[PDB]
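To start, the structure itself, in structure tokens.
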Amino acid sequence: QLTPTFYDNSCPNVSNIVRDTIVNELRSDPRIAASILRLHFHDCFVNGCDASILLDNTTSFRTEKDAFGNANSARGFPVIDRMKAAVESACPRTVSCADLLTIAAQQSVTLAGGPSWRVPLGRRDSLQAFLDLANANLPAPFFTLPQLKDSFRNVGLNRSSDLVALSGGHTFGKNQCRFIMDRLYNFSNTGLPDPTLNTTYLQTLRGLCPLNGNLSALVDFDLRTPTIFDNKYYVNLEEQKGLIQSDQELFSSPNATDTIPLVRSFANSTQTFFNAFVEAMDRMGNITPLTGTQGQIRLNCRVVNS
Ligand code: HEM
Ligand SMILES: [Ca+2]
Ligand SMILES: [Ca+2]
């Protein structure tokens, strides 16, 4: 069983070291908090939160960094290396990369203005990386609501609250133009923009992402508060201003009978959202962890101990 007090004796300063690292990084890179939260999400959805995503290529297995959902998208790896080194200095061979990334994600949310809580700890590091599983398990922005639900259920998160609350991670961070081009100019081969996208916002997005333009250009997930972790993400959905298809479907999908009331509840109360986010975050953080003597306490998050 994972427990929040796992390192209270072996490394009481772990959370503070993680926090300090993120605070320093945020000065030069204001997007790092969002990036780190996403790394934890992509770690947990592939064989569980086992730091498998942090592993680099080997001649025996490919890195998850080359998965469609990670390649030229996932970032912050050097920052994780930095805090790991700092933690290894303070507490040699004690804190796993899996736990480190989980704490990093929580501290990132808190630093961005979100809720503060102690995440369960005790996870251990994987002995391999899973590229094929990452390609299969990571959800895509073009997924329909049924597909999004399927993706979450596939890894162990059955609740619509899990999906709606965790999607709130898009209350900050960036998204490439490439992922919304269809919504803007030719949605589902209709030759028309996605009808669930507010027409005024449509114009704004088209200006940021012109047809035949730079597909790697970045746009804010939350037009209200781009870098603050708050419930504004849901207010946007209510006005048909979710950025990607997967965001707006939580409110507009024909299959959203169960998700609409959740979107409204989170848009109506910060407390309700934050409570749900922490609950869902801990559930995601409890996905098939290696514990006890299983796996290792990786010294270098990029490679398995030898
Ligand atoms: C429900 C399905 C989800 C889909 C389809 C999805 C899709 C995406 C896409 C397309 C991007 C843009 C990547 C890029 O342009 O490089 C992204 C970014 C992001 N996602 Fe998600 N996401 C989902 C769920 C989540 C969850 C559960 C979290 C965390 C709790 C999360 C947190 C983030 C953050 C913070 C960013 C910004 C990262 C950065 O700016 O570096 N996402 N997501
Ligand atoms: Ca993983
Ligand atoms: Ca926000």
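Just follow the structure's listing: the first ligand is 1, and inside any ligand the first atom is 1. All residue numbers in this chain count up from 1 along the given sequence. The analysis underlying the following values was restricted to heavy atoms, covering all of them including side chains, and did not include hydrogens, waters or symmetry mates.
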If you count the atoms of ligand 1 from 1 in the order shown, which ones are under 4.0 Å from a heavy atom of [X]?
X	value
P141	5 (C), 10 (C)
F152	1 (C)
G173	37 (C), 40 (O)
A140	5 (C)
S73	13 (C), 14 (C), 16 (O)
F172	35 (C)

Side chain, backbone, both or neither: which part of [X] comes within less than 4.0 Å of ligand 1 when only heavy atoms are counted?
X	value
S246	side chain
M284	neither
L148	side chain
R75	side chain
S151	neither

Of all the atoms in [X], is at least one N, O or S atom closer to the Ca ion (ligand 3) than 3.0 Å?
X	answer
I228	yes
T225	yes
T171	yes

Presence of salt bridge, [Y] and [X], under 4.0 angstrom:
X	Y	answer
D220	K174	yes
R224	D230	no
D8	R118	yes
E88	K84	yes
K149	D258	yes

message: If you apply the rule side-chain contact (heavy atoms from CB on, under 4.5 Å), what do you find for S167 with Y233, and how did you get there?
response: CA-CA 9 Å; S167 289; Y233 165 86; 3.5 Å; yes
Check whether any side-chain N or O of [X] sits under 3.5 Å from a backbone N or O of [Y] as a donor-acceptor pair, and report yes or no.
X	Y	answer
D125	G295	no
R93	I297	no
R183	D194	no
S89	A85	no

[atom] - nearest protein heavy atom and its distance:
atom	result
atom 41 (O) of ligand 1	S35 OG, 2.6 Å
atom 15 (O) of ligand 1	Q176 N, 2.8 Å
atom 11 (C) of ligand 1	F221 CZ, 3.6 Å
atom 21 (Fe) of ligand 1	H170 NE2, 2.1 Å
atom 2 (C) of ligand 1	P139 CG, 3.6 Å
atom 35 (C) of ligand 1	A34 O, 3.1 Å
atom 24 (C) of ligand 1	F41 CE2, 3.4 Å
atom 30 (C) of ligand 1	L166 O, 3.3 Å

- request: In sequence, state the C-alpha distance, the side-chain angles, and the governing distance for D182 and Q245, and then conclude on side-chain contact (heavy atoms from CB on, under 4.5 Å).
  value: CA-CA 9 Å; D182 63 327; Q245 168 172 358; 4.2 Å; yes
- prompt: Between atom CZ of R62 and atom CD of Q128, what is the distance when rounded to the nearest 0.5 Å?
  reply: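 The CD atom of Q128 is 12.5 Å from CZ of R62, to the nearest 0.5 Å.
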message: I need the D50 CG to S96 OG distance, nearest 0.5 Å.
response: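 The CG atom of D50 sits 10.0 Å away from the OG atom of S96.
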ILVMFWY network linking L184 to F179, side-chain heavy atoms under 4.5 angstrom: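 Looking at the clustering, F179 is in a separate group from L184.
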task: Identify whether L250 and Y201 are in the same connected component of the hydrophobic contact network (ILVMFWY, side-chain heavy atoms under 4.5 Å).
output: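 Different clusters: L250 never reaches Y201 through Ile, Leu, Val, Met, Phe, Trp or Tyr contacts under 4.5 Å.
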Metal site angle (apex the Ca ion (ligand 2)), O from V46 and O from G48, 10 degrees: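 My answer is 80°, to the nearest 10°.
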message: How wide is the angle at the Ca ion (ligand 2) spanned by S52 OG and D43 OD1, rounded to 10 degrees?
response: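 Once rounded, the angle between the two atoms at the Ca ion (ligand 2) is 100°.
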- prompt: Which of the N/O/S atoms in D222 sits closest to the Ca ion (ligand 3)?
  reply: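 Of all N, O or S atoms in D222, the Ca ion (ligand 3) lies closest to OD2.
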message: Nearest N/O/S atom of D230 with respect to the Ca ion (ligand 3), by atom name, please.
response: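 Looking at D230, the N, O or S atom with the least distance to the Ca ion (ligand 3) is OD1.
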field: Best match, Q147, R31, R38: closest heavy atom to atom 34 (C) of ligand 1
entry: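 Checking each option, the heavy atom nearest atom 34 (C) of ligand 1 is found in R38.
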field: Proximity winner for atom 12 (C) of ligand 1, if only heavy atoms of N175, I244, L138 are counted
entry: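 Of the listed residues, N175 has the closest heavy atom.
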query: Applying a strict 4.0 Å limit to heavy atoms, is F143 in contact with ligand 1?
result: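 It does not; every heavy atom stays at 4.0 Å or beyond.
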Proximal heteroatom of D50 relative to the Ca ion (ligand 2) (N/O/S):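 Going by distance to the Ca ion (ligand 2), the closest N, O or S atom in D50 is OD1.
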- prompt: So does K232 have more than 12 non-hydrogen atoms from other groups sitting under 6.0 Å from NZ?
  reply: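 No, the 6.0 Å shell around NZ holds no more than 12 heavy atoms from other groups.
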- prompt: Considering residues, nucleotides and ligands other than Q203, do more than 12 of their heavy atoms fall under 6.0 Å from its CD?
  reply: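 It does: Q203 CD has more than 12 such atoms within range.
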Parallel, tilted or perpendicular: rings of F229 and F274 (30°, 60°):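 If you compare the ring of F274 with that of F229, the planes turn out tilted.
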message: Quick check: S167 and ligand 1, any N/O pair under 3.5 Å apart?
response: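 Min N/O separation from ligand 1 is not below 3.5 Å for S167.
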